[PDB]
Amino acid sequence: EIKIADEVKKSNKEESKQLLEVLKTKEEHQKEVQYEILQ
Amino acid sequence: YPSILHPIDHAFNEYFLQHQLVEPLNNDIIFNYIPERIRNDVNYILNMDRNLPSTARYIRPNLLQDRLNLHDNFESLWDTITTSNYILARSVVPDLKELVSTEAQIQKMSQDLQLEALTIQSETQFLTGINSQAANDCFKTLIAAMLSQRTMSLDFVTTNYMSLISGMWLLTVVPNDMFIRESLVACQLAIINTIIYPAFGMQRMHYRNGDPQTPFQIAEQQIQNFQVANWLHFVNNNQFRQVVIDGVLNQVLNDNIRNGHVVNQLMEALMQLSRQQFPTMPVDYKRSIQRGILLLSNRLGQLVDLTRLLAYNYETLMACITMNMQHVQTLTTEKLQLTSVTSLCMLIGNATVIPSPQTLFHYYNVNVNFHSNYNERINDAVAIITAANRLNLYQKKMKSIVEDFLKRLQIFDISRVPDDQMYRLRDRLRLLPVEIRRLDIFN
Amino acid sequence: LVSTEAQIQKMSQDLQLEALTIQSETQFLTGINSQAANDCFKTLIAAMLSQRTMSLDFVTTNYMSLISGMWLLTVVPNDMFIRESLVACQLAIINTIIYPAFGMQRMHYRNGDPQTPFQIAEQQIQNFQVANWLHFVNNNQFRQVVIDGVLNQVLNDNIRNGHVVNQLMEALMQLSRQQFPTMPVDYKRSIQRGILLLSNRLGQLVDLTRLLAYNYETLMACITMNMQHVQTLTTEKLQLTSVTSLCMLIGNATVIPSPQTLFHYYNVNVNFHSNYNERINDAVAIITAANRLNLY
Amino acid sequence: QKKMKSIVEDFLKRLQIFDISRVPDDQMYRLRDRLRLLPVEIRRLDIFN
Amino acid sequence: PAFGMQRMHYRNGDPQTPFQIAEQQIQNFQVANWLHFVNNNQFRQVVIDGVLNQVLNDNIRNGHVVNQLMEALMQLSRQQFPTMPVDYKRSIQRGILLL
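Protein chains in written order, with the numbering used here: chain X, 288 to 326; chain F, 862 to 1304; chain P, 4 to 299; chain E, 338 to 386; chain S, 82 to 180.
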């Protein structure tokens, strides 16, 4: 999950759907930096 | 009525007739039972139906202040007697209604921060831990800790520049002699080395622990801007003011915190930190600390209305206490997350909540029932500690009559209190005078 | 009466309760009824023929039950209500409607005071239409008089004429033109239209108090016992929510007591008063005769 | 002995936009106090005299 | 925010609208002329052929009102301001160009 507040996750808007996708491709970039150091 | 009584018997029975604990009851003495800072308040309208006759009587309780001084060298008994007041003062303070909705606030907080989906930056963690439930919790543990004088303890992460900017609002409103000093200094040092010393370009302070001065007391001497040295002087000299009102000594706030004029002295300080260039810092550090200082500076209308609301719900609930409130650092500190302070300053708007009078007469009736029980278990034990010395009972030990005094007070436990704290508590119960209804029944 | 489905549907349009910030939106118009207008016409007369104290029950949030409390004080005399409920109504009228209108400070009032709040703001206010209505409501009581043997508390000549409501209309119309200089514009515009629901009902409110003071006057003729006035212990609770249901539900249909009704309220009062004096004369004549015969 | 509610109720009903069920008896007897002070038309005044 | 001064402290129920109180604070010339026109924008009541009907001004009819507004938006798009970040400046300056 994202652990943002529950009225943003289950909401169906346009300004609140993009906020979940931007916080989802910050995790995949922060896990991409931590994985490259470990190799 | 006639009798047949022994002259020893008549001396006892005459004493029960003259010394009765009843006093006449009227309409002007029911309204004088309400405290003076409520029946003079212009927000509450007081009305009654029946008028009592000339016959009716009532028994007055004895609310006289603490004669044992349990806040003086009794440091484990005072911690139970001030945790008990903190849970009671938390279920009385009202909860906020008609808040700004959470979804319409993070959508506005995400467009002011301008957060990008590819670079990892420090403006993502400004969004953590805000919701409608933790905004309702910071409001309670600020009012309920002040009425019970529980020591607070800040909890935060130093990689979050929004719990540090909204942490400049706690220290300018809540007095600094209330947070525990191992956590007040570790938060003032995070504000100094991040927000304000990089904003003017000087070298960040190398602070060793154990110094006699907090880092806000040592930085107003070093800094040379004017409008950020007026705020940094109000934080240092913020104290409660001990005044005795209506018999009980209670600690009032400042005269600027009640007005909300402190925030207008704060929003000139951090309106100037966002105007300076950051000379030794890179450009992405000037921008990521000027956006977090802007989410607080658009709430200048809503933060003057928030300081006026904490300072009013603390004034009305302070009139409903009867026991003397003392200012002593307690053992166990009640935690306060600094993320829920951020969740309060940018979620409240345009809805005054004041405590209902059906919970002011219930918070008052518990504070009289505990105080009139604590003061009538002293007199039940002083009049036997003294009566077992006038009668010369040299073989008796007085543990079993202090053990029934801690037990009949309902809030204490006996399996925790050792024997050292009981034969020393009766060193204080011996010097007190016997109440005058128990002295003539012993003579 | 006026039809209760046409008044509330019009009264909910002038107040505009949905657009405000009000917790009790569907609770302003609960007590308007056809069975509760007949109650405050019977409670107001029968607690005035038998000198019975009468407390007030109201909600200080609901300002429409407070404007109809201005008509209750200007007609019913001030010594009828219990003092703690007359002060608590006179304070809520000043501290919400009158003093926010003229821009004065909120009235700090202490409960141990000989002066009622309508006697303090009768001097500190600087209008003339409002300071002259506050002078009538301070100085209306029962004027004791002895008619045909018995004492009876009688109203003054200005209420039985119905002329006082022509002064209350002038004290309520000028209070509707006042700019409330700190009140929000949404809440000010709804307290100015709740006032004009009573200032525009002038012709059928003078016509009420000419009847409310005539049913009391023609029923007071058949009172054989003495009409003494003291403060009782228990009070008959009058609800200011249902006084609103009387001032704006009355019509042009006058009712007078029937002569068979008026001769039955007389014959109950003579049969009880002559029985009260035929037991005193029988309880004295035994208590005295037991003492002459030396009966310990 | 006549009461003038029934001819102001017919005056609103003869216009088309107003409805009768939302107008109480306050707003219908207050309206005839403005209909008395008006002068009657010269065709109706000469046929009443 | 376009001139860098502190945002106004407005409470409800005040007798002055915020455009009647910002023409006293702003000492620019081309944008204090536009606030003076907005505050004095009223209907003019004339009677014509017996019928009282309300006329607009002679500048709203001409269209010369917009030549006072677009002289105030053009100067407000050029003012740089220090208390706000750079991207908040660039987003107001883009929406003012669509007009």
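Cβ coordinates follow ideal geometry from the N, Cα and C atoms, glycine included.
For residue i, return the contacting residues in chain P, with the cut-off set at a CB-CB distance below 9 Å.
i: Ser-343(E); result: Within chain P, no residue comes near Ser-343(E); the closest Cβ sits about 12 Å away, beyond 9 Å.
i: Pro-914(F); result: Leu-236
i: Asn-1120(F); result: None at all; the shortest Cβ gap to chain P is about 17 Å.
i: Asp-356(E); result: Chain P residues near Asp-356(E): none, gap ~10 Å exceeds 9 Å.
Mind checking residue i: buried by the 16 CB within 10 Å criterion, or exposed?
i: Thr-1168(F); result: buried
i: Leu-372(E); result: exposed
i: residue 306(P); result: With chain P represented from 4 up to 299, any question about residue 306(P) goes unanswered, as that position is not in the structure.
i: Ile-129(S); result: exposed
i: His-932(F); result: buried
i: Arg-1011(F); result: buried
i: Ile-1154(F); result: buried
i: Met-89(S); result: exposed
i: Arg-204(P); result: buried
i: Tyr-1022(F); result: buried
i: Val-377(E); result: exposed
i: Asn-1211(F); result: exposed
i: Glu-315(X); result: exposed
i: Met-86(S); result: exposed
i: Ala-1172(F); result: buried
i: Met-51(P); result: buried
i: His-1188(F); result: exposed
i: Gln-127(P); result: exposed
i: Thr-98(S); result: exposed
i: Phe-1017(F); result: buried
i: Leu-882(F); result: exposed
i: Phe-1222(F); result: exposed
What whole-angstrom Cβ distance do residue i and residue j have, given they're in contact under 8 Å?
i: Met-909(F); j: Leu-1197(F); result: The Cβ separation is near 41 Å, so there is no contact.
i: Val-1214(F); j: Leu-1293(F); result: About 44 Å separates the two Cβ atoms, so there is no contact after all.
i: residue 1306(F); j: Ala-996(F); result: No answer is possible for residue 1306(F): it lies beyond the span of chain F, which begins at 862 and ends at 1304.
i: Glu-220(P); j: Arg-163(P); result: 7 Å
i: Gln-986(F); j: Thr-1020(F); result: 7 Å
i: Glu-28(P); j: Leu-18(P); result: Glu-28(P) to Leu-18(P), Cβ: 10 Å. No contact.
i: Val-1124(F); j: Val-1165(F); result: 5 Å
i: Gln-1100(F); j: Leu-1110(F); result: Actually they do not touch by this definition, with Cβ atoms about 15 Å apart.
i: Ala-1051(F); j: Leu-1025(F); result: 6 Å
i: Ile-291(X); j: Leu-988(F); result: 7 Å
i: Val-1263(F); j: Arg-1299(F); result: Not quite, the Cβ-Cβ distance comes to about 17 Å (not below 8 Å), so this is no contact.
i: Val-953(F); j: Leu-1003(F); result: So it is not a contact: roughly 14 Å between Cβ atoms.
Please compile the residues from chain F whose C-beta is within a distance smaller than 9 Å of the C-beta of residue i.
i: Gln-87(S); result: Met-1128, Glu-1129, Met-1132 and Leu-1161
i: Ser-202(P); result: Neighbours of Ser-202(P) on chain F: none; closest Cβ ~25 Å, over 9 Å.
i: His-90(S); result: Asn-1125, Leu-1161, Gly-1162 and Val-1165
i: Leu-306(X); result: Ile-967, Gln-968, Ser-971, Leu-976 and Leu-988
i: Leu-75(P); result: Within chain F, no residue comes near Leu-75(P); the closest Cβ sits about 15 Å away, beyond 9 Å.
If the cut is a Cβ gap below 8 Å, which residues of chain S does residue i touch?
i: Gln-1151(F); result: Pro-166
Could you work out which residues of chain P lie near residue i, taking near to mean beta carbons separated by less than 8 Å?
i: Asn-109(S); result: Neighbours of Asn-109(S) on chain P: none; closest Cβ ~30 Å, over 8 Å.
i: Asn-93(S); result: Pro-187 and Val-188
Residues of chain E with CB under 7 Å from residue i, in chain order?
i: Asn-36(P); result: By Cβ distance, chain E contributes nothing, its closest Cβ being about 15 Å from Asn-36(P), past 7 Å.
What residues of chain P sit near residue i, judged by a beta carbon separation below 7 Å?
i: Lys-339(E); result: Chain P residues near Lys-339(E): none, gap ~12 Å exceeds 7 Å.
i: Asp-347(E); result: Residues of chain P passing the Cβ test: none, with the nearest at roughly 17 Å.
For residue i, which residues in chain S fall below 9 Å Cβ to Cβ?
i: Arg-1136(F); result: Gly-85, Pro-163 and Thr-164
i: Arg-1148(F); result: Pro-166, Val-167 and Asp-168
So residue i contacts chain F; which residues on that side make the cut at Cβ distance below 8 Å?
i: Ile-324(X); result: What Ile-324(X) touches in chain F: nothing, since even the nearest Cβ is about 14 Å away.
Can you pull the chain F residues whose beta carbon is under 7 Å from the beta carbon of residue i, in chain order?
i: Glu-87(P); result: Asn-888, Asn-908 and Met-909
For residue i, return the contacting residues in chain S, with the cut-off set at a CB-CB distance below 7 Å.
i: residue 1312(F); result: Any answer about residue 1312(F) is impossible in this case: the structure gives chain F only from 862 up to 1304.
Restricting to runs no shorter than 3 residues, where is the beta strand (DSSP E) found entirely within the segment 123-167 of chain P? Those beta strand (DSSP E) runs which fall completely within the segment 123-167 of chain P and span 3+ residues are 146-150 and 153-157.
On the three-pair Cβ rule with 8 Å, is the segment 1209-1227 of chain F touching the segment 1236-1251 of chain F? Touching, no.
Restricting to runs no shorter than 4 residues, where is the alpha helix (DSSP H) found entirely within the segment 924-970 of chain F? Inside the segment 924-970 of chain F, DSSP marks whole alpha helix (DSSP H) runs of 4 or more residues at positions 938-949, from first to last along the chain.
Does the segment 917-927 of chain F come close enough to the segment 1248-1264 of chain F that 3 or more CB-CB pairs lie under 8 Å? Segments in contact, no.
Given 8 Å as the limit, is there contact between the segment 129-138 of chain P and the segment 177-190 of chain P, that is, 3 or more CB pairs closer than that? In short, these stretches touch, since the Cβ pair count reaches three.
Can you list the beta strand (DSSP E) stretches of 3 or more residues lying completely in the segment 1187-1230 of chain F, in chain order? Whole beta strand (DSSP E) segments, 3+ residues: 1195-1198.
Every unbroken alpha helix (DSSP H) within the segment 1234-1260 of chain F, with a cutoff of 4 residues, ordered by chain: The qualifying runs are 1248-1251.
Given 8 Å, three or more beta-carbon pairs between the segment 961-973 of chain F and the segment 1138-1146 of chain F: Contact between the segment 961-973 of chain F and the segment 1138-1146 of chain F is absent, because fewer than three Cβ pairs lie under 8 Å.
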